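1. Experimental structure and sequence below, a few questions after.
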Amino acid sequence: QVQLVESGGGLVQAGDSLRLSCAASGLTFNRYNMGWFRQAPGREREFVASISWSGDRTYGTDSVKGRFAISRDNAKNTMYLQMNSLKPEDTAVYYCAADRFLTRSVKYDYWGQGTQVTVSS
């Protein structure tokens with residue numbers, strides 16, 4: 001079956017940087033758009049960033065585009081999210097997802113279990 005596994009979460013302090021990764025198996029990795037979503041306490045699940053199989057990057061808002069960077073390594077079936085200047089508001093569970101057509105919609109076909117990021121001040 002298809003399997004997406006996130007890692008790299010933990011407890012950081014405000015202003016820190018953090019790199020999350022996502023490893024995929026059971027699909028032909030280079031034919032899928034890959035996306036990061038998050039769910040903060042008291043909020044709905046929301047789009048963070050996406051990188052399509054042709055390499056175009058799409059970001060959620062101005063709150064994200066300046067601080068976060070997304071990339072993929074097709075040779076290793078892995079994608080990464082680099083997060084800089086983290087704030088308490090970024091505390092959330094971060095999910096990796098894959099889909100053959102979608103970009104910003106939360107209705108992607110495949111989902112990982114998520115990794116938890118806590119940011120304290």
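-> Okay, I see it. Numbers count the residues shown, from 1 in each chain.

2. So which residues of the chain form helices?
-> Along the chain, the segments classed as helices by DSSP state H run 62-65.

3. Report the central residue of it.
-> Nearest to the centroid of the C-alpha atoms of the chain, with distances taken as C-alpha atoms, centre = their mean, sits residue 36, at 2.5 Å.

4. List the contacts of that residue.
-> Applying C-beta atoms under 8 Å, 6 or more residues apart in numbering to residue 36 gives the contacts 20, 22, 48, 49, 50, 70, 81, 94, 95, 96, 97. In short, each C-beta sits where N, CA and C put it, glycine included.

5. Surely the first one touches residue 10?
-> No: using C-beta atoms under 8 Å, residue 20 and residue 10 do not qualify as a contacting pair, with a distance of 10.0 Å.

6. Common neighbours of the two, please.
-> The contact sets of residue 20 and residue 10 overlap at residue 117 (C-beta under 8 Å, 6+ apart).
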